[PDB]
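> I have a structure here, written as structure tokens, and I will follow up with some questions on it.
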Amino acid sequence: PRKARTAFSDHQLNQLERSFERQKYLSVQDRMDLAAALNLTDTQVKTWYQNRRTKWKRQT
DNA sequence: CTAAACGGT
DNA sequence: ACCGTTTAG
Ligand code: NA
């Protein structure tokens, strides 16, 4: 029973990506604040940031 | 494409 | 929490 696949708002993405630009890795508090600000789960943001780095690493 | 899962660090 | 790799909405 898979977790239901998230669909991010344009705005969410936008602000995520903005975060990722500023900082490629977030403290736990930073993660939490962001999650709140975007009305996402810690885990939502966490996984997002991972796959994001994962893609980043595909450029570097 | 990419969010989520898996298993080992 | 993360990585790398893989699974699947
Ligand atoms: Na680090």
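Starting from 1 in every chain, residues are counted up; chains themselves are A, B, ... following the order of the structure tokens, and ligands are numbered from 1 as listed.
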Would you give me, as an MDAnalysis selection string, the residues of chain A that come within 10 Å of chain B, using only C-alpha atoms (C1' of nucleotides)?
chainID A and resid 2:8 44 47:48 51:52 55
> So which residues are near ligand 1, meaning at most 12 Å away with only C-alpha atoms (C1' of nucleotides) and all ligand atoms counted, given back as number ranges by chain?
A: 23-27, 50, 53; C: 1-3
> I need the residues from that last selection saved to file as an mmCIF file, in the first residue's frame (with C-alpha atoms (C1' of nucleotides)), if you can.

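In the end it all went to part_1.cif:
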data_model
loop_
_atom_site.group_PDB
_atom_site.id
_atom_site.type_symbol
_atom_site.label_atom_id
_atom_site.label_comp_id
_atom_site.auth_asym_id
_atom_site.auth_seq_id
_atom_site.Cartn_x
_atom_site.Cartn_y
_atom_site.Cartn_z
ATOM 1 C CA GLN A 23 20.896 25.985 0.492
ATOM 2 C CA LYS A 24 21.405 22.477 -0.893
ATOM 3 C CA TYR A 25 20.989 20.946 2.603
ATOM 4 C CA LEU A 26 18.646 22.113 5.400
ATOM 5 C CA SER A 27 18.945 21.903 9.181
ATOM 6 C CA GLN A 50 16.722 14.367 -1.662
ATOM 7 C CA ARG A 53 20.104 16.762 -4.857
ATOM 8 C "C1'" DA C 1 19.030 11.929 7.476
ATOM 9 C "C1'" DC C 2 21.307 10.429 3.527
ATOM 10 C "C1'" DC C 3 22.766 7.924 -0.650
#
> My list of candidates is A:41, A:22, A:33, A:58. Which is closest to chain C when distances are computed with only C-alpha atoms (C1' of nucleotides)?
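Using only C-alpha atoms (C1' of nucleotides), chain C sits closest to A:58.
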> Mind the document's chain letters and residue numbers, and return as a VMD selection string the residues of chain A that DSSP labels helix (DSSP H, G or I).
chain A and resid 10 to 22 28 to 37 42 to 56
> Write to file, as a JSON list (two decimals), in the first residue's frame, the residues of the selection just made, with N, CA and C atoms.

[["chain", "number", "residue", "atom", "x", "y", "z"],
["A", 10, "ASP", "N", 2.40, 24.74, -8.19],
["A", 10, "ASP", "CA", 3.41, 25.55, -8.85],
["A", 10, "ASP", "C", 4.14, 26.32, -7.78],
["A", 11, "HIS", "N", 3.37, 27.00, -6.92],
["A", 11, "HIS", "CA", 4.01, 27.84, -5.94],
["A", 11, "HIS", "C", 4.92, 27.07, -4.99],
["A", 12, "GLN", "N", 4.48, 25.90, -4.63],
["A", 12, "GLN", "CA", 5.29, 25.09, -3.75],
["A", 12, "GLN", "C", 6.63, 24.83, -4.43],
["A", 13, "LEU", "N", 6.55, 24.21, -5.61],
["A", 13, "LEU", "CA", 7.75, 23.91, -6.35],
["A", 13, "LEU", "C", 8.62, 25.15, -6.30],
["A", 14, "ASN", "N", 8.05, 26.25, -6.80],
["A", 14, "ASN", "CA", 8.79, 27.47, -7.00],
["A", 14, "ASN", "C", 9.64, 27.77, -5.77],
["A", 15, "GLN", "N", 9.00, 27.73, -4.60],
["A", 15, "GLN", "CA", 9.62, 28.13, -3.34],
["A", 15, "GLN", "C", 10.57, 27.05, -2.86],
["A", 16, "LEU", "N", 10.27, 25.78, -3.18],
["A", 16, "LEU", "CA", 11.21, 24.70, -2.90],
["A", 16, "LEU", "C", 12.51, 24.99, -3.63],
["A", 17, "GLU", "N", 12.40, 25.08, -4.96],
["A", 17, "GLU", "CA", 13.56, 25.26, -5.82],
["A", 17, "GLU", "C", 14.36, 26.46, -5.35],
["A", 18, "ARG", "N", 13.65, 27.53, -4.99],
["A", 18, "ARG", "CA", 14.29, 28.73, -4.46],
["A", 18, "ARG", "C", 15.10, 28.32, -3.25],
["A", 19, "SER", "N", 14.53, 27.53, -2.35],
["A", 19, "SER", "CA", 15.26, 27.08, -1.18],
["A", 19, "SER", "C", 16.53, 26.36, -1.63],
["A", 20, "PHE", "N", 16.34, 25.39, -2.51],
["A", 20, "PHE", "CA", 17.43, 24.52, -2.91],
["A", 20, "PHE", "C", 18.60, 25.31, -3.45],
["A", 21, "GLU", "N", 18.27, 26.40, -4.16],
["A", 21, "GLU", "CA", 19.27, 27.30, -4.69],
["A", 21, "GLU", "C", 20.05, 27.90, -3.52],
["A", 22, "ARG", "N", 19.33, 28.43, -2.53],
["A", 22, "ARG", "CA", 19.96, 29.15, -1.43],
["A", 22, "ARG", "C", 20.81, 28.16, -0.64],
["A", 28, "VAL", "N", 17.34, 20.67, 10.53],
["A", 28, "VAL", "CA", 16.03, 20.07, 10.75],
["A", 28, "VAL", "C", 15.01, 21.20, 10.94],
["A", 29, "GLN", "N", 15.42, 22.23, 11.70],
["A", 29, "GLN", "CA", 14.59, 23.39, 11.94],
["A", 29, "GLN", "C", 14.27, 24.09, 10.63],
["A", 30, "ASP", "N", 15.25, 24.22, 9.75],
["A", 30, "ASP", "CA", 15.06, 24.86, 8.46],
["A", 30, "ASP", "C", 14.05, 24.07, 7.64],
["A", 31, "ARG", "N", 14.18, 22.75, 7.68],
["A", 31, "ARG", "CA", 13.28, 21.87, 6.96],
["A", 31, "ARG", "C", 11.87, 22.09, 7.49],
["A", 32, "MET", "N", 11.72, 22.08, 8.81],
["A", 32, "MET", "CA", 10.42, 22.21, 9.43],
["A", 32, "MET", "C", 9.78, 23.54, 9.05],
["A", 33, "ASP", "N", 10.53, 24.64, 9.14],
["A", 33, "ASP", "CA", 9.98, 25.95, 8.87],
["A", 33, "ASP", "C", 9.44, 25.92, 7.44],
["A", 34, "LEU", "N", 10.28, 25.46, 6.51],
["A", 34, "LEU", "CA", 9.90, 25.41, 5.11],
["A", 34, "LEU", "C", 8.63, 24.58, 4.93],
["A", 35, "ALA", "N", 8.56, 23.46, 5.64],
["A", 35, "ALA", "CA", 7.44, 22.56, 5.47],
["A", 35, "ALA", "C", 6.19, 23.33, 5.86],
["A", 36, "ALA", "N", 6.29, 24.08, 6.96],
["A", 36, "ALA", "CA", 5.15, 24.83, 7.47],
["A", 36, "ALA", "C", 4.75, 25.88, 6.46],
["A", 37, "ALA", "N", 5.72, 26.69, 6.06],
["A", 37, "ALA", "CA", 5.51, 27.80, 5.16],
["A", 37, "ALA", "C", 4.83, 27.35, 3.87],
["A", 42, "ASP", "N", 7.19, 17.44, 6.94],
["A", 42, "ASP", "CA", 8.63, 17.41, 7.03],
["A", 42, "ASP", "C", 9.09, 16.48, 5.91],
["A", 43, "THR", "N", 8.61, 15.25, 6.01],
["A", 43, "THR", "CA", 8.93, 14.18, 5.09],
["A", 43, "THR", "C", 8.71, 14.57, 3.63],
["A", 44, "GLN", "N", 7.68, 15.36, 3.37],
["A", 44, "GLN", "CA", 7.39, 15.78, 2.01],
["A", 44, "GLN", "C", 8.61, 16.53, 1.49],
["A", 45, "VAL", "N", 8.99, 17.53, 2.28],
["A", 45, "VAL", "CA", 10.08, 18.41, 1.93],
["A", 45, "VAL", "C", 11.35, 17.58, 1.90],
["A", 46, "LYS", "N", 11.54, 16.74, 2.92],
["A", 46, "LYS", "CA", 12.75, 15.95, 3.04],
["A", 46, "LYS", "C", 13.00, 15.17, 1.75],
["A", 47, "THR", "N", 12.06, 14.29, 1.39],
["A", 47, "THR", "CA", 12.17, 13.52, 0.16],
["A", 47, "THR", "C", 12.41, 14.46, -1.03],
["A", 48, "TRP", "N", 11.65, 15.56, -1.11],
["A", 48, "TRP", "CA", 11.82, 16.46, -2.23],
["A", 48, "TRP", "C", 13.27, 16.91, -2.38],
["A", 49, "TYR", "N", 13.83, 17.37, -1.25],
["A", 49, "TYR", "CA", 15.21, 17.82, -1.20],
["A", 49, "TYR", "C", 16.17, 16.70, -1.61],
["A", 50, "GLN", "N", 15.84, 15.45, -1.28],
["A", 50, "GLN", "CA", 16.72, 14.37, -1.66],
["A", 50, "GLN", "C", 16.71, 14.26, -3.18],
["A", 51, "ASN", "N", 15.56, 13.89, -3.75],
["A", 51, "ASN", "CA", 15.50, 13.66, -5.18],
["A", 51, "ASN", "C", 16.11, 14.86, -5.91],
["A", 52, "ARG", "N", 15.92, 16.06, -5.33],
["A", 52, "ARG", "CA", 16.47, 17.28, -5.90],
["A", 52, "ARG", "C", 17.99, 17.20, -5.96],
["A", 53, "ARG", "N", 18.67, 17.00, -4.83],
["A", 53, "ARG", "CA", 20.10, 16.76, -4.86],
["A", 53, "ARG", "C", 20.44, 15.65, -5.85],
["A", 54, "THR", "N", 19.63, 14.59, -5.84],
["A", 54, "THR", "CA", 19.91, 13.42, -6.66],
["A", 54, "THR", "C", 20.02, 13.88, -8.11],
["A", 55, "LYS", "N", 19.15, 14.82, -8.50],
["A", 55, "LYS", "CA", 19.13, 15.36, -9.87],
["A", 55, "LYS", "C", 20.28, 16.34, -10.08],
["A", 56, "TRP", "N", 20.51, 17.18, -9.09],
["A", 56, "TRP", "CA", 21.67, 18.04, -9.05],
["A", 56, "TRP", "C", 22.95, 17.26, -9.37]]
